[PDB]
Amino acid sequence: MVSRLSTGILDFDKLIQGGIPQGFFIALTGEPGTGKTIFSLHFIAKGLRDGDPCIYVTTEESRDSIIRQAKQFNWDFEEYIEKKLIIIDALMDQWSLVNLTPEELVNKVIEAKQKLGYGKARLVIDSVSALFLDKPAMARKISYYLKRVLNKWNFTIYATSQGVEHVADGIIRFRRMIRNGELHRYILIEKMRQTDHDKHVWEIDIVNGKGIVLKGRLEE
């Protein structure tokens, strides 16, 4: 039916008929510390292992932090750098963003894509909200532009945010909750075009050396 890219989490792929539709713009929404970056690292890790060109744009953390985080889950991004992976640091060389504007970000991503060569690509923009902190009302116009142009350049895109959702082809929501001294984390596919997606909230775990693990389905 459609060409789907694995999330890197098999149990999650089951929830969306094999994975994310190629060319989609996917909004990952939720409070800080809810697993959105890790979820994204899975997507890139899987792409890299698949031979996909991969680009990760980071606006809150350093490139090194992203790399260290990935190592936590037995992903080794270092030797892919400038070969099949470019991490663009919007928090701070040629793969840096001076100004956090939408066009500067796209131009830099396209520059990176030219370095990495032909082929379907994965892009993470973590986070897309950094683009409109000061222009909250531009969120929709910015996301439409980002989606149109990045899809044109053969990307399937994850965009984290802590109008984006409405422009997005899919929406995955992340939650955390403390109850009786316990932390519980949850994920929900709120929207996914062209996909008979699961509508249940799922409990997830973040496990060292593994990453996000689906623990079970919530009812009602």
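Each residue number is its position in the shown sequence, starting from 1.
According to the record, the deposited sequence contains no missing residues between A137 and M138, so the chain is continuous there.
Gap between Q162 and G163: 10 or more deposited residues without coordinates.
The deposited CA B-factor of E61 belongs to the highest third of values across its chain. Ranked by C-alpha B-factor against the other modelled residues of its chain, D169 falls in the lowest third. Sorting the modelled residues of the chain by their CA temperature factor places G181 in the lowest third. Ranked within its chain, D126 lands in the lowest third, by CA B factor from the PDB record. For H42, the recorded CA B-factor ranks within the lowest third of the chain. Only modelled residues enter the ranking.
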